[PDB]
Enquirer: 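Dropping the structure in here first, questions after.
Here is the naming used below: chain letters follow the sequence lines, and residue numbers restart at 1 for every chain.
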2 protein chains.
Amino acid sequence: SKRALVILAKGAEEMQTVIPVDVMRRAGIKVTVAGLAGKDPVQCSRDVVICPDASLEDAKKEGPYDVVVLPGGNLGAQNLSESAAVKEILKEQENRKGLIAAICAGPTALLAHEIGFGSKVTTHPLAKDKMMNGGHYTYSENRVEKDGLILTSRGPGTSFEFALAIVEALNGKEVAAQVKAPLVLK
Amino acid sequence: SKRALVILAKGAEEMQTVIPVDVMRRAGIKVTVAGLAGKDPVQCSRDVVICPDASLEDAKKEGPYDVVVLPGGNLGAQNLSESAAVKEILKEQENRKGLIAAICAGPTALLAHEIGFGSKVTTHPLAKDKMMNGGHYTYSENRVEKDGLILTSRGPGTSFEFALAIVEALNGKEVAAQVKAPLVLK
């Protein structure tokens with residue numbers, strides 16, 4: 001019913017890509033893993049190679065999505081931050097008041113594309129200074145932060161909590177709890 | 001320095017594949033993701049498609065490994081359990097007293113191949129009855145269990161703890177702690 005776009009760039013943190021994709025699919029969300037650079041396999045930060053479902057070029061024409069998800073990894077987030085296609089997608093999503101979810105270094109692409117200024121956000125500790133350049137967000141050390149349509153989180157180890165927050169926002173608390181139980185979370 | 005073989009079968013739980021691969025690479029372990037059925041892309045349980053580094057046929061000739069890792073997912077574990085190549089690898093590993101690490105339904109392939117009988121093990125709760133058929137193991141509800149060379153764990157949400165246990169066994173506690181810190185674990 002609900003639809004998610006996960007934008008996959010070279011150098012993405014593969015845990016932060018796969019955990020949300022998997023958890024959202026467990027929730028019955030229709031997820032498109034879209035390759036930033038095309039439909040070719042993407043080499044992630046720790047050398048896991050993932051085959052996208054679609055190119056971003058194609059996926060962005062099949063909008064709109066109920067959530068747009070930006071994985072982290074510094075190098076993946078730098079690619080997201082440099083992309084005109086990402087900018088357009090995120091601007092459209094913000095303008096239609098749809099959810100934008102970003103983890104680790106991922107939120108730094110929000111800064112690059114001027115998305116969600118004034119929001120409370122978290123990032124990976126090592127991405128804080130980049131995110132806070134110019135003081136356009138208020139920083140949080142919460143494991144997951146949500147300020148309206150801007151949902152952010154910190155790292156590989158917050159990925160389940162991030163994904164479940166997306167599920168809760170889209171499909172509600174009951175679905176999130178049902179999905180969570182078989183995961184054997186702490 | 002240390003080397004890990006991760007055996008990737010169709011229907012594997014992709015979180016349980018990627019979290020250990022990534023965490024072990026963070027630890028400086030040399031990891032080979034080996035496709036059970038060949039070097040072709042593998043469709044995992046929640047439709048993430050991963051490109052293996054090597055076929056299992058090729059990787060098994062480049063042994064031996066300091067750990068052999070079996071991801072879970074019921075359907076992936078059933079494929080592992082049905083494979084003669086997996087049997088031979090695990091028998092060799094047991095005979096050379098090398099580490100064998102399995103998560104979720106993964107440990108059920110140990111039962112199939114008669115590996116490590118008499119050990120204390122955990123599995124996913126839904127795989128317990130399968131693992132315990134014949135009473136050849138003693139069951140534990142610990143999130144990670146280790147009995148000599150047999151290291152087991154429960155589910156997606158225990159994957160970080162599982163991977164870090166592998167790192168501790170191979171490279172020691174200090175390396176595991178160093179790797180853990182930037183993950184932002186609970």
Enquirer: For B/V23 and A/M15, run side-chain contact (heavy atoms from CB on, under 4.5 Å): C-alpha distance rounded to whole Å, both residues' side-chain angles, the deciding distance at 0.1 Å, then the answer.
Expert: CA-CA 9 Å; B/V23 170; A/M15 299 182 285; 4.2 Å; yes

Enquirer: To check you understand the geometry: which heavy-atom pair defines the closest contact between B/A112 and B/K87, and what is its length?
Expert: O-NZ, 3.6 Å

Enquirer: Just wondering, do A/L56 and A/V86 contact through their side chains at under 4.5 Å, heavy atoms?
Expert: yes

Enquirer: Do B/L185 and A/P156 come close enough that some side-chain heavy atom pair is under 4.5 Å?
Expert: no

Enquirer: With under 30° as parallel and over 60° as perpendicular, where do the rings of B/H136 and B/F117 fit, or are they tilted in between?
Expert: parallel

Enquirer: To check you understand the geometry: which heavy-atom pair defines the closest contact between A/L170 and A/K2, and what is its length?
Expert: O-CE, 3.4 Å

Enquirer: Do you know the tightest heavy-atom contact between A/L70 and A/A109?
Expert: CD1-CB, 4.0 Å

Enquirer: Tell me whether A/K180 at atom NZ has more than 12 heavy atoms from other residues, nucleotides or ligands lying less than 6.0 Å away.
Expert: no

Enquirer: Would you say A/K91 has more than 12 foreign heavy atoms packed within less than 6.0 Å of its NZ?
Expert: yes

Enquirer: What are the two closest heavy atoms between B/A77 and B/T108, and how far apart are they?
Expert: CB-OG1, 3.9 Å

Enquirer: Can you find a heavy atom in the side chain of B/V21 that is under 4.5 Å from one in the side chain of A/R46?
Expert: no

Enquirer: Looking at A/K97 and A/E92, does any basic side-chain N land under 4.0 Å from a carboxylate oxygen?
Expert: no

Enquirer: Salt bridge or not for B/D53 and B/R25, using N-O below 4.0 Å?
Expert: yes

Enquirer: So, do A/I19 and B/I19 sit near enough that their side-chain heavy atoms are less than 4.5 Å apart?
Expert: yes

Enquirer: If I compare all heavy atoms of A/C104 with all of A/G72, which pair ends up nearest, and what's the gap?
Expert: CB-CA, 4.0 Å

